[PDB]
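What follows is a single structure, written as structure tokens, with notes after it.
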Amino acid sequence: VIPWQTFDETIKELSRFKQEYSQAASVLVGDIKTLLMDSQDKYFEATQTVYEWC
Amino acid sequence: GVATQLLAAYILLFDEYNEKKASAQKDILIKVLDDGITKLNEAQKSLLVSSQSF
């Protein structure tokens with residue numbers, strides 16, 4: 001008379017969607033952060049080399 | 001610590017042109033500056049890799 005198992009299955013499905021996409025997005029944003037810091041290190045090295053030559 | 005005394009020796013000895021020590025002073029200057037350029041370049045490369053490690 002009270003459908004509790006379908007309620008639990010719906011809650012677990014709508015939670016599993018969000019868990020999956022948080023786990024998928026966090027690693028990719030953390031990789032973009034590393035790339036953006038390595039680019040700044042290469043930029044600093046190149047501009048400092050040209051400045052020291054000039 | 002070595003460079004700031006060898007250059008002061010250069011200024012002290014050659015207020016007038018001492019032709020006897022002129023052939024060795026050039027070798028001393030070339031040796032100490034070629035040592036210094038290599039040490040400063042290796043120090044900058046080491047600090048760059050240490051900055052890129054994070």
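If you're wondering about the labels, chains in the structure tokens are A, B, ... by order shown, residues count from 1 in each chain, ligands from 1 in order shown.
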
Exercise for the section: For chain B, report every residue with an atom at most 8 Å from chain A (counting only C-alpha atoms), formatted as a list in words. Expected result: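 Listing them in order of chain and number gives residues 48, 51 and 52 of chain B.
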
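Atom pair atom CA of residue B:47 / atom CA of residue A:51: separated by 17.6 Å.
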
Practice task
Mind checking which residues fall within 12 Å of stretch 34-37 of chain B, counting only C-alpha atoms, ignoring those fewer than 5 positions away in the same chain, and posting them as a ChimeraX atom specification?
Solution key: /B:1-4,27-29,42-44

Would you mind exporting N, CA, C and O atoms of the selected residues as an mmCIF file, in the first residue's frame?
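The result, written out as result-v5.cif:
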data_model
loop_
_atom_site.group_PDB
_atom_site.id
_atom_site.type_symbol
_atom_site.label_atom_id
_atom_site.label_comp_id
_atom_site.auth_asym_id
_atom_site.auth_seq_id
_atom_site.Cartn_x
_atom_site.Cartn_y
_atom_site.Cartn_z
ATOM 1 N N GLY B 1 81.457 36.192 -3.497
ATOM 2 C CA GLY B 1 82.567 36.394 -2.574
ATOM 3 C C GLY B 1 83.935 36.404 -3.231
ATOM 4 O O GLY B 1 84.858 37.058 -2.739
ATOM 5 N N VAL B 2 84.088 35.691 -4.342
ATOM 6 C CA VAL B 2 85.336 35.704 -5.095
ATOM 7 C C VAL B 2 85.370 36.863 -6.085
ATOM 8 O O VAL B 2 86.400 37.538 -6.233
ATOM 9 N N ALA B 3 84.232 37.106 -6.748
ATOM 10 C CA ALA B 3 84.181 38.110 -7.809
ATOM 11 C C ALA B 3 84.366 39.525 -7.271
ATOM 12 O O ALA B 3 85.070 40.337 -7.888
ATOM 13 N N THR B 4 83.777 39.835 -6.108
ATOM 14 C CA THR B 4 83.850 41.201 -5.599
ATOM 15 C C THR B 4 85.224 41.556 -5.046
ATOM 16 O O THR B 4 85.464 42.730 -4.749
ATOM 17 N N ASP B 27 93.359 36.763 -18.427
ATOM 18 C CA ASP B 27 93.025 35.358 -18.213
ATOM 19 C C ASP B 27 92.255 35.161 -16.914
ATOM 20 O O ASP B 27 91.319 34.351 -16.863
ATOM 21 N N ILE B 28 92.618 35.914 -15.869
ATOM 22 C CA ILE B 28 91.895 35.852 -14.596
ATOM 23 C C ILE B 28 90.455 36.325 -14.770
ATOM 24 O O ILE B 28 89.511 35.675 -14.296
ATOM 25 N N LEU B 29 90.268 37.446 -15.480
ATOM 26 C CA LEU B 29 88.932 37.987 -15.730
ATOM 27 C C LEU B 29 88.071 37.027 -16.548
ATOM 28 O O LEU B 29 86.911 36.774 -16.197
ATOM 29 N N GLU B 42 73.000 27.685 -14.100
ATOM 30 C CA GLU B 42 72.576 26.441 -13.461
ATOM 31 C C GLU B 42 71.683 26.701 -12.252
ATOM 32 O O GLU B 42 70.736 25.940 -12.002
ATOM 33 N N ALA B 43 71.947 27.786 -11.513
ATOM 34 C CA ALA B 43 71.086 28.146 -10.388
ATOM 35 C C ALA B 43 69.685 28.530 -10.853
ATOM 36 O O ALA B 43 68.688 28.138 -10.226
ATOM 37 N N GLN B 44 69.588 29.273 -11.963
ATOM 38 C CA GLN B 44 68.273 29.633 -12.491
ATOM 39 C C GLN B 44 67.506 28.417 -12.996
ATOM 40 O O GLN B 44 66.289 28.325 -12.792
#

Problem - Which of B:26, B:46, B:53, B:38 sits closest to residue B:14 [using only C-alpha atoms] - result: B:26

Practice task
Based on DSSP run over this structure's backbone, return all residues of chain B in alpha helix (DSSP H), as a VMD selection string.
Solution key: chain B and resid 3 to 13 22 to 52

Output for the residues just chosen: N, CA and C atoms as a tab-separated table (two decimals), in the first residue's frame:
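File produced: again-v1.tsv:
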chain	number	residue	atom	x	y	z
B	3	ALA	N	84.23	37.11	-6.75
B	3	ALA	CA	84.18	38.11	-7.81
B	3	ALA	C	84.37	39.52	-7.27
B	4	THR	N	83.78	39.84	-6.11
B	4	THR	CA	83.85	41.20	-5.60
B	4	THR	C	85.22	41.56	-5.05
B	5	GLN	N	86.12	40.58	-4.89
B	5	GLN	CA	87.50	40.85	-4.53
B	5	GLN	C	88.44	40.82	-5.72
B	6	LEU	N	88.18	39.95	-6.70
B	6	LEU	CA	89.01	39.97	-7.90
B	6	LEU	C	88.80	41.24	-8.72
B	7	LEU	N	87.56	41.75	-8.76
B	7	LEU	CA	87.34	43.00	-9.48
B	7	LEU	C	87.94	44.19	-8.74
B	8	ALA	N	87.92	44.16	-7.40
B	8	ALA	CA	88.57	45.21	-6.63
B	8	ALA	C	90.09	45.16	-6.79
B	9	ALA	N	90.65	43.96	-6.94
B	9	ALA	CA	92.06	43.83	-7.27
B	9	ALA	C	92.36	44.38	-8.67
B	10	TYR	N	91.43	44.19	-9.61
B	10	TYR	CA	91.60	44.76	-10.95
B	10	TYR	C	91.62	46.28	-10.92
B	11	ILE	N	90.70	46.89	-10.17
B	11	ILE	CA	90.69	48.36	-10.06
B	11	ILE	C	91.93	48.85	-9.31
B	12	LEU	N	92.38	48.11	-8.30
B	12	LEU	CA	93.52	48.56	-7.50
B	12	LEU	C	94.84	48.46	-8.27
B	13	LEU	N	95.04	47.38	-9.04
B	13	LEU	CA	96.32	47.19	-9.70
B	13	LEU	C	96.48	48.04	-10.96
B	22	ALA	N	99.59	42.45	-17.43
B	22	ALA	CA	98.48	42.66	-18.35
B	22	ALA	C	98.08	41.39	-19.08
B	23	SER	N	99.02	40.46	-19.27
B	23	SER	CA	98.70	39.22	-19.97
B	23	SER	C	98.01	38.20	-19.08
B	24	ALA	N	98.14	38.33	-17.76
B	24	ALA	CA	97.51	37.40	-16.83
B	24	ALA	C	96.20	37.91	-16.26
B	25	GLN	N	96.04	39.23	-16.17
B	25	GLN	CA	94.80	39.82	-15.66
B	25	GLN	C	93.62	39.49	-16.57
B	26	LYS	N	93.87	39.47	-17.88
B	26	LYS	CA	92.84	39.11	-18.85
B	26	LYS	C	92.40	37.66	-18.68
B	27	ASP	N	93.36	36.76	-18.43
B	27	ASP	CA	93.02	35.36	-18.21
B	27	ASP	C	92.26	35.16	-16.91
B	28	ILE	N	92.62	35.91	-15.87
B	28	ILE	CA	91.89	35.85	-14.60
B	28	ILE	C	90.45	36.33	-14.77
B	29	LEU	N	90.27	37.45	-15.48
B	29	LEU	CA	88.93	37.99	-15.73
B	29	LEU	C	88.07	37.03	-16.55
B	30	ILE	N	88.63	36.47	-17.63
B	30	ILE	CA	87.88	35.55	-18.48
B	30	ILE	C	87.51	34.28	-17.72
B	31	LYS	N	88.43	33.78	-16.88
B	31	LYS	CA	88.17	32.57	-16.10
B	31	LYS	C	87.06	32.79	-15.07
B	32	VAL	N	87.12	33.91	-14.32
B	32	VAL	CA	86.13	34.11	-13.27
B	32	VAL	C	84.76	34.45	-13.86
B	33	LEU	N	84.70	35.15	-15.00
B	33	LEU	CA	83.40	35.46	-15.57
B	33	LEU	C	82.78	34.25	-16.28
B	34	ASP	N	83.60	33.40	-16.91
B	34	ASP	CA	83.07	32.18	-17.49
B	34	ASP	C	82.64	31.18	-16.42
B	35	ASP	N	83.25	31.23	-15.23
B	35	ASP	CA	82.74	30.43	-14.12
B	35	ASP	C	81.40	30.98	-13.63
B	36	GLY	N	81.30	32.31	-13.55
B	36	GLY	CA	80.11	32.93	-12.99
B	36	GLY	C	78.87	32.77	-13.85
B	37	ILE	N	79.02	32.88	-15.18
B	37	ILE	CA	77.88	32.73	-16.08
B	37	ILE	C	77.30	31.32	-15.99
B	38	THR	N	78.17	30.32	-15.91
B	38	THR	CA	77.73	28.93	-15.80
B	38	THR	C	77.03	28.67	-14.47
B	39	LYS	N	77.59	29.19	-13.36
B	39	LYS	CA	76.95	28.99	-12.06
B	39	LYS	C	75.59	29.67	-11.97
B	40	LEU	N	75.47	30.89	-12.50
B	40	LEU	CA	74.20	31.61	-12.43
B	40	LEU	C	73.14	30.95	-13.31
B	41	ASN	N	73.54	30.44	-14.48
B	41	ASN	CA	72.59	29.76	-15.35
B	41	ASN	C	72.10	28.45	-14.74
B	42	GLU	N	73.00	27.69	-14.10
B	42	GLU	CA	72.58	26.44	-13.46
B	42	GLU	C	71.68	26.70	-12.25
B	43	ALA	N	71.95	27.79	-11.51
B	43	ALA	CA	71.09	28.15	-10.39
B	43	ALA	C	69.68	28.53	-10.85
B	44	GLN	N	69.59	29.27	-11.96
B	44	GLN	CA	68.27	29.63	-12.49
B	44	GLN	C	67.51	28.42	-13.00
B	45	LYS	N	68.20	27.47	-13.64
B	45	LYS	CA	67.51	26.27	-14.13
B	45	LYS	C	67.02	25.40	-12.97
B	46	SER	N	67.82	25.32	-11.89
B	46	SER	CA	67.40	24.56	-10.71
B	46	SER	C	66.18	25.18	-10.04
B	47	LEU	N	66.18	26.51	-9.89
B	47	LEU	CA	65.02	27.18	-9.30
B	47	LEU	C	63.79	27.08	-10.19
B	48	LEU	N	63.97	27.04	-11.51
B	48	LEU	CA	62.84	26.87	-12.41
B	48	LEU	C	62.20	25.49	-12.28
B	49	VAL	N	63.03	24.44	-12.19
B	49	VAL	CA	62.48	23.09	-12.01
B	49	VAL	C	61.80	22.96	-10.65
B	50	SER	N	62.38	23.59	-9.62
B	50	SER	CA	61.74	23.57	-8.30
B	50	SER	C	60.42	24.33	-8.29
B	51	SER	N	60.29	25.38	-9.10
B	51	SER	CA	59.01	26.06	-9.23
B	51	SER	C	58.00	25.22	-10.00
B	52	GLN	N	58.45	24.48	-11.01
B	52	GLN	CA	57.55	23.65	-11.80
B	52	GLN	C	57.11	22.37	-11.10

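The spacing separating atom CA of residue A:39 from atom CA of residue B:54 amounts to 13.1 Å.
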
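Straight-line separation from atom CA of residue A:15 to atom CA of residue A:31: 25.0 Å.
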